[PDB]
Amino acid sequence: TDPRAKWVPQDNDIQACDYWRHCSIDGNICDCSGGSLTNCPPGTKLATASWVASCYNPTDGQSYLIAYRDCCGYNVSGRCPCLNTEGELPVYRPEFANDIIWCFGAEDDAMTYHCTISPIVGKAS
């Protein structure tokens, strides 16, 4: 895969970096360390904060806002790492910025990065 070519989504494998909901994920896919597409692994803490992206779903033609919430309180999983940046803006527009550790709100003040989930939170405007 050419890293500089335009990213192409699919709706057939959530563990691959081109899964459509991972369009601005940075880190590791939680499904690969015992979470799921939208749940955190055991022993980690789900943040309430997120960065967002509008991601296109090729199965149904709709664009969705995905909230990249982190699962926190464990060292980085090291499995299924991905960094995509569709629509990603620099830190001074933080709602779209994905180098930030989006762990705020996690239980037990957890602020270390383990992995990121990719839930749909709304329709893209």
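Residue indices: 1-based, along the sequence shown.
S.K.: Mean C-alpha B factor from the entry: is it higher for 35 to 43 or for 55 to 63?
M.R.: Comparing averages over the C-alpha atoms only gives 55 to 63.
S.K.: Look over 97 to 105 and 9 to 17 in the entry and identify the one with the greater average Cα temperature factor.
M.R.: 9 to 17 has the higher mean C-alpha B-factor.
S.K.: Among the modelled residues of this chain, does the Cα B factor of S50 put it in the lowest, middle or highest third?
M.R.: Its C-alpha B-factor, which the entry lists for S50, ranks in the highest third among residues of this chain.
S.K.: Relative to the other modelled residues of the same chain, rank the CA B-factor of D70 and answer lowest, middle or highest third.
M.R.: Lowest third, going by the recorded CA B-factors of the chain.
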